[PDB]
Amino acid sequence: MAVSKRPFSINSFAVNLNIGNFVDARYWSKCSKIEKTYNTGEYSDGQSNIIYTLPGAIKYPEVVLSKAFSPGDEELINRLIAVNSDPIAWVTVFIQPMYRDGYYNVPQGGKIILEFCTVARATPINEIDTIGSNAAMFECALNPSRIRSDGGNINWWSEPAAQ
Amino acid sequence: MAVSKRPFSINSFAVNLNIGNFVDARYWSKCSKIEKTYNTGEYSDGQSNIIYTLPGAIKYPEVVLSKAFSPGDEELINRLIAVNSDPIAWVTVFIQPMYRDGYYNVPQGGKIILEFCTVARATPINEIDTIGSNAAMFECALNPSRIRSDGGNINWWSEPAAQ
Amino acid sequence: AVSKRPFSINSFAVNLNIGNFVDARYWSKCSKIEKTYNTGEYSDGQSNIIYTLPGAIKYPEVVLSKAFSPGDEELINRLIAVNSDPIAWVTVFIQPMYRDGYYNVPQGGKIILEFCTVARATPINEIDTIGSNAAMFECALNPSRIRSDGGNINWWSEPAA
Amino acid sequence: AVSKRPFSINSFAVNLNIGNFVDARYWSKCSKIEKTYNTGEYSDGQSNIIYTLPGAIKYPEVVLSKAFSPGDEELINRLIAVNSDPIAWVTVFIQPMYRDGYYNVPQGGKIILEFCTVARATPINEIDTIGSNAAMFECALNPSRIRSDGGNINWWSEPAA
Amino acid sequence: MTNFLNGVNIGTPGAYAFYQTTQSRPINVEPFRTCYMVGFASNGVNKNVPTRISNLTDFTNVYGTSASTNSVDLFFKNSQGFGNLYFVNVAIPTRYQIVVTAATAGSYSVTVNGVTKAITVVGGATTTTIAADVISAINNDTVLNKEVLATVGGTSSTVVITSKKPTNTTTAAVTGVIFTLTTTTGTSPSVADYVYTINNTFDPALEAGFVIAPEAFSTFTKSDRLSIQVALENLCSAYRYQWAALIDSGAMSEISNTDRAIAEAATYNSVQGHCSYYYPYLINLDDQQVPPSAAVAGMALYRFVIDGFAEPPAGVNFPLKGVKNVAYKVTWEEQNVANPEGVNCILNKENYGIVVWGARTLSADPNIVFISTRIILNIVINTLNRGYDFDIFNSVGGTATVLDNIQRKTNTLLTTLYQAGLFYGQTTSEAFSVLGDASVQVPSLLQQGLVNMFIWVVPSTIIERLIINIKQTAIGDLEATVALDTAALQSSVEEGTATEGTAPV
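In this report, we go over the structure that sits alongside the text. Numbers on residues come from counting from 1 along each chain's written sequence, not from the entry itself, and any residue without coordinates is not displayed. Chains carry letters from A onward and ligands carry numbers from 1 onward, assigned in written order. Part of a larger assembly is what these chains represent; accordingly, every value refers to the shown part. Here the side-chain values reflect all heavy atoms present in the structure, with hydrogen atoms and water set aside.

## Description of the sheet that holds strand β10 (residues 179–184) of chain E
All names here are of chain E. Read from one edge of the open sheet, four strands run β7-β8-β4-β10, paired in antiparallel fashion. Both outer strands of the open sheet, β7 (148–152) and β10, are each paired with one neighbouring strand and no more. Averaged over all pairs of adjacent strands, the angle between strand axes in this sheet comes to 20°, irrespective of strand direction. When strand β4 (residues 95–100) meets β10, the two strands line up antiparallel, connected through six bridges. Looking at the pairing, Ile 98 lines up with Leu 181 of β10. Residue contacts are counted whenever heavy atoms from the two residues lie within 4.5 Å of one another. Each axis is a line fitted through C-alpha atoms, taken for helices only over the stretch in contact, and angles between the N-to-C directions span 0 to 180 degrees. Runs of E in the DSSP output that reach at least two residues are strands. Runs of H or I that reach at least four are helices, and both are numbered from the N terminus. Its contacts with the sheet place helix α3 (residues 127–140) against β4, β7, β8 (158–163) and β10, and it is angled at close to 160° to β7. Strand pairing is assigned whenever DSSP identifies at least 2 bridges connecting the two strands.

Here's what the structure looks like:
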């Protein structure tokens, strides 16, 4: 009916972390998929032989962040390694969608916030090879507990349970 | 923002071994990832139906070093084969990051030390093929117990645990 | 209405800054200067037309060439060592000018390729004891940004709000 | 017996609309203009002949070129930034005409490539300090639709309704 | 606007809090999100000057008392900060009444704005003849005929000189005993003053939008209401504005029922449908019957922002806020007779509220029946005019590239409107077409400075009546019945035989 705006690209997001009480200013170039999965059970109404699906046991799957391993990542390594040691502490992931050309980010809407994440894997070095040419990749797996949306004119994620 | 210090490459690390009481001068060409893996369980707070992840049972996964099988590696073979025979002997892995152009390494920071590693596999010859042209690969799999760093001015693997 | 004539392919002067070193040598050949958009494909679901989504900008490799001449040994030794320092970058300056002999007429600023890394250095293109071509120094650079801030034309400007 | 001479390859004027600004510059070279059907293969089972099924229309990339001349800095700075705005598009206007000198004789509307995105901007095709060719500005566009409603022939009507 | 300057008058560094006041919504410059209200206020601050109003408080502060206060309040309540309101205070012209006492013979003169007219009286003269001579001299003078108008007052021995330019200073004086001067000025504006303000106060550069005169329509009589309707029709259909006007019924005591509203609308004429008539006065929360226009316009501008600019000021989804009831209950049959005649009813639907249940114009042209089409055409025209304003007064060099550039700009603007959704068609080729190149420009006209552009558009339509044709099927045969009937219906629509027939009541 009308083609007004281009869609978001796969490069159209900025990823930041809050590790415990530390507001880490480093950015992550890659993030894995973001979902709300429903574990399912099968049932019948007894009046047919069709298998129905019963949603339950919501889960937000693992999110893998990755970036280029650079000096100044020692604070990142130590903070991610130590965050799980404090039962009160957990990681927050801020994803800001945007329509950046170069360094010309134009963010619209709020940020998708993965709230209450626990570290499951910290990989400062993905691989070593004296003949390899790729950039060493810092990797970090996180298990989020909730997703919300904060700031901005557009709310991306809102859960219903409580009204 | 501004890329001031170009990130580390996967060829930007030098790997050395301490087999028991022996300090081996041989340098290795490859190494797998260095990680702090958290085993995880599932739970619920009861007042909702989201699956929450509980970390536990720390583990540092197996690390596979590899180099080119060259003369003078027979001492390395014998030491790696015999190290596990002594319940007191351990294998230590030293990884020094560095920005090597050629032979022009410039180290920065200490060295990531995998402490108290046990040999799980020693493969002097990856395979034999009289038509093959690849260099024969020496491989060694190690199971580390701890990770630290002490020989420089960065200290990028500080755990809060040890004594 | 032919007034101002267009730039000729020889209407540019090329200079380098190699780390903290400013080289006074000039380069007589440079490849295309470009901004490339790597493209993905998508659909709106309302039609079977393929749409192109730009992203992942990259400035492709630029190959400079000049005549291999005495006094190029320091240029060689600097280009070899640039990458050894993770904080050293090559900077390429292209000045457009209406040149006639040694008479230049620069107008506008100089297009600057910033934060370039050396990917290849070829002091000698080839050797032929009965050849007659001039030996050509070549050097390939991977740039990371293009700007311009001299002169009065600002050839290249990025949206920066 | 030919009553009307056919169009020459020089019989078209090319213009650009970049975002909300109208460019006064003309382009001297444009590549092929197409409507391409991506094809699948199938069978009716009645025979072993391979049948072709059209689908997934696409208008292939169009490469415009012109002589890099002063006053092209504005065009550069706009083509670089057009993609930065998801609302902005590049629109290409091709007016066929019979020209001898500056005496173009247009007939019919103009082919309009609408909703085009920049995939490549090459201000300088190459540099050769002893070369003689004119420097060629180049631009690559990924059109999404083609129409024509500027005149009295309408040679690119879709099957709309 | 506010919420940002709180920490400006603090010199100390630190962190403070200020409890967040209200923030204004800035309204953009889309050609059709403004409403111009022509009203009167004895406080003549902005006589015949369209002034932006931020809110009802600003209106009261500037203009004080005014019969348009209720309409302004309704507009702001319904617009909810969207759209702009421009008030036009009608200027009351100066007036000078000269009574000619007798026919005394002699030489006298009459002064108007410093221009003196000598008048000579001889034997056989009369008061009426002298007054007529003065009127003729003033009206046939080349200078005064444009500044003022001279007519006969309530007596043949009286002359009334009315300022033809209300804002300008008008002065009169006499040189003669028979002429007795008196200064006068209607303490309230009249229909002629309203007509002048309507016809001579709107700069085409002004943002397009709605035009309303609720005070005039509520106060004036039938003849004056017709005159003001004609003035608004001429304004909105003028080739320079192409706006839309909202006409209201008279006072409900006069237009008691729907038949009288139909008669008044029938008297009203709008060939191209620039004027749209509404009837029930909207009793607000303070129980005052306020002419519909302002409330409707407020809702319209709000709807334009939310629903869309192709959406007409109507619907149950977009009701009316700030009111509680309608001054009259329109029956279904009354509305059935009225709506085809151009009367847009406002109804108190239960479970919806006060809703405008009409979107028709006063035109007899079937192509511009709905006000949405009129608004779409006005938006197109005004967008193009604003775009070309920057192209006016531009040299036409040798290339004649300005005509090409104008076609380029037209294509861009019409594509923007297409994305906005104002046209019927899946593609721009289905939506619109332009022709403005040099092939249609004549050098003779170019020498005078004329450029001709030709544009074709296909405005979107709306859903007015939805017809449900559903059949009651016996148990078992639903699939076969549906297959057969659907085949028949699809075939008829495809081959174009669906329309062939007689429309039933």
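Additional details are given in the paragraphs that follow.
## Things to note about a nonpolar patch on the surface
All names here are of chain A. Only residues whose relative accessible area exceeds 30% and that take part in no salt bridge are eligible for patches, with like-charged residues grouped when within 9 Å of each other and nonpolar side chains (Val, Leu, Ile, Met, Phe, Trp, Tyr) grouped when within 5 Å. Residue exposure ignores everything except the shown protein chains as possible cover, and the areas themselves are Shrake-Rupley values with a 1.4 Å probe. Throughout this description, the term salt bridge denotes a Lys or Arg side-chain nitrogen within 4 Å of a carboxyl oxygen of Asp or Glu. A contiguous nonpolar patch, built from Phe 8, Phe 13, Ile 154 and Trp 156 and spanning about 310 Å² of accessible area, is present on the exposed surface. Mapping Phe 8 onto the fold places it in the segment before β1 (13–19). What makes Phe 8 partly exposed here is its relative accessible area of 31%. For every residue, the accessible area (1.4 Å probe, protein chains only) is compared with the maximum for its type, and the residue is labelled buried under 20%, exposed over 50%, or partly exposed between those bounds.

## What to know about the relation of the copies chain D and chain C
Copies are aligned with a least-squares fit on their C-alpha atoms. Superposition record for chain D on chain C: RMSD 0.3 Å, screw rotation 60°, translation along axis 0.1 Å. Viewed as a symmetry operation, the transformation between the two copies matches a six-fold axis.

## With respect to the packing of aromatic side chains
The rule is short: rings of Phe, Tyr and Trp, with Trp giving its six-membered ring, pair when the centres are within 6.5 Å, and they are stacked under 30 degrees, edge-to-face over 60, tilted in between. The tally for this structure, following the rule as stated, stands at 55 aromatic pairs over all chains. With 6.3 Å between their ring centres and 50° between their planes, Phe69(A) and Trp156(B) make a pair best called tilted. Highlighted residues: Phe69(A) in the loop between β6 (63–68) and α1 (74–83) and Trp156(B) in the segment after β9 (137–149), drawn from two different chains. Judged by relative accessible area, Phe69(A) falls into the buried class, the value being 2%. With a relative accessible area of 1%, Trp156(B) lands in the buried category. Centroid distance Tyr241(E) to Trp243(E): 5.0 Å. Interplanar angle 65°. Geometry classified as edge-to-face. By the burial criterion, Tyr241(E) is buried, and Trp243(E) matches it. Counting every residue linked through ring pairs, the aromatic cluster contains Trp28(A), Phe69(A), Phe138(A), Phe8(B), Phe13(B), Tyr99(B) and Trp156(B). Looking at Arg78(C), its charged tip hangs above the ring of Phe21(C), at a distance of 4.1 Å from the centre. Looking at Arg408(E), its charged tip hangs above the ring of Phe93(D), at a distance of 5.9 Å from the centre. Note on geometry: a ring has a charge over it if NZ (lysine) or CZ (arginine) is within 6 Å of the ring centre and within 35 degrees of the ring normal.

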